[PDB]
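> pasting the structure only:
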Ligand SMILES: O=C(CO)[C@H](O)[C@H](O)COP(=O)(O)O
């Protein structure tokens, strides 16, 4: 949809997947912002790119989304969740992709480049974007996370 931006980044492990996802979503008429890296550096550091995406999502945490890729998804998930207003979900199977939105209201999707195929990652992205937050008891739970980070 034209009303929000999707920010995408990776470390050096995820450049091919990042382009596949970015171009896939652009064809579907999403607003997609590739924050890098734009060339391969075997030694680059996933937190730098996680914070680029997460700091953008933080500015529009109710509308914008992030996609972050690293070897397992773990590092970018840890880093992105440090950012105020960010709820980052690590998904490695289509079987949990919708739930990350439905229950956890995630605004950042974290993916594995080394342990999940390109095809499965595209399916994860598609189901995450198609799903909707279910609210209710899940809103009460997310509210507790937001309150902790704001008050601690
Ligand atoms: O998976 C990751 C973080 O969770 C990183 O992509 C991974 O640690 C990078 O490994 P290397 O420096 O050997 O390429």
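Okay, I see it. Numbers count the residues shown, from 1 in each chain.

> ok, now how distant is the closest residue to residue 113 other than its chain neighbours from residue 144?
In this structure, residue 113 finds its nearest non-sequential neighbour in residue 14, 4.0 Å apart by Cβ to Cβ, 6 or more residues apart in numbering. Where you see a C-beta, it was placed from the backbone N, CA and C, and this is true even at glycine. Going from residue 14 to residue 144 by Cβ to Cβ, to the nearest Å gives 32 Å.

> who's more crowded, those two?
Between residue 14 and residue 144, counted using other Cβ atoms under 10 Å, the more crowded position is residue 14 (28 against 9).

> separation between that one and residue 67?
10 Å.

> overlap of the contact sets of these two?
residue 111 (Cβ atoms under 8 Å, 6 or more residues apart in numbering).

> which residues of the protein lie near the ligand?
Residues of the chain lying close to the ligand (Cβ under 6 Å from any ligand atom) are 11, 13, 46, 70, 71, 72, 74, 75.

> now residue 87. Its backbone dihedrals?
Taking degrees, to the nearest 10, you get phi -130, psi 100 for the backbone angles of residue 87.

> that one - how many residues pack around it?
19.

> let's have the chain start at 321 instead
Shifting the count to begin at 321 puts that one at residue 407.

> so it touches residue 428, yeah?
Yes - contact criterion Cβ atoms under 8 Å: residue 407 and residue 428 qualify, at 6.9 Å.

> how about the residue nearest to residue 433, what does it touch?
389, 390, 431, 433.

> from the residues you listed, which two are the most distant?
390 and 431 (8.1 Å; Cβ to Cβ).

> looking at the two, which is more packed in?
Neighbours were counted for residue 390 and for residue 431 using other Cβ under 10 Å; residue 431 has more, 30 against 27.

> residues in contact with that one?
With Cβ under 8 Å, 6+ apart, residue 431 has these contacts: 334, 337, 387, 388, 389, 393, 410, 411, 412, 441, 444, 445.
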